[PDB]
């Protein structure tokens, strides 16, 4: 594997998809830097990651708490996470899955700041990553930055139009960063229905009616496993020719 000695920055690797990416990354022996905002399960996630890979050097699994939902500190924090992840070396791949995980208000009660508050973590944080990565990454086709969107960008869930919009912005912005940061490669993974611990939290009591309706809306009779969706991120790290692309893993939900 050519991801053995690799340094990968997983912005949002404390839970769900991003965590599965650090598990997959550690399976190939890479050095993984994790970024989250909750200090306690960031201890739990990183402690959880070296008992599933106990032969891996513990110093190759580093964590930092960063709050990227706040307009100050995010440039200072993104720059700090790139310093920690780069170390003496340069970072080889960056993965961003961080999202605010909050239900928007209905459209009749839409507020100006309601529209803008997601943009800080969906748009401003990656752009600050794109702002500062040349100093911490070599702009060569062997390095990658991968952003996150979803199938909801084409089949929006009801109530979620605004965040459904921002994922549309992530995909267009991804392509622009492939020109801004060329020949460095940047791409997007667009997952479908992944039953992460966060999703269980969002829908609460309406969860099981939603799981069965998600399973029914797939060519597979399934929702997506977190470690299978993680293969899309690993793919874009190993494919030194993929750039400006959208990797869609949705179980055929857009076909039914």
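Positions refer to the first chain, counted from 1.
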Inset, instruction - Report the stretch with the higher mean CA temperature factor, choosing between 11-19 and 237-245 on the basis of the entry. - result: 11-19
Inset, instruction - State which stretch shows the higher mean Cα B factor in the entry: 102-110 or 159-167. - result: 102-110
Inset, instruction - Please pick out which of 231, 196, 37, 223 has the largest Cα B-factor as recorded in the entry. - result: 37
Legend entry - Record-listed C-alpha B factor of residue 180: chain third: lowest
Inset, instruction - Would you please rank residue 88 by its C-alpha temperature factor against the other modelled residues of its chain and give the third it falls in: lowest, middle or highest? - result: highest
Inset, instruction - Could you look up the Cα B-factor of residue 80 in the entry and say which third of the chain it sits in: lowest, middle or highest? - result: highest
Inset, instruction - Consider only the C-alpha atoms of the modelled residues in this chain, order them by B-factor as the entry records it, and name the third containing residue 190: lowest, middle or highest. - result: lowest
Inset, instruction - Rank-wise, by C-alpha B-factor, drop residue 174 into the lowest, middle or highest third of its chain. - result: lowest
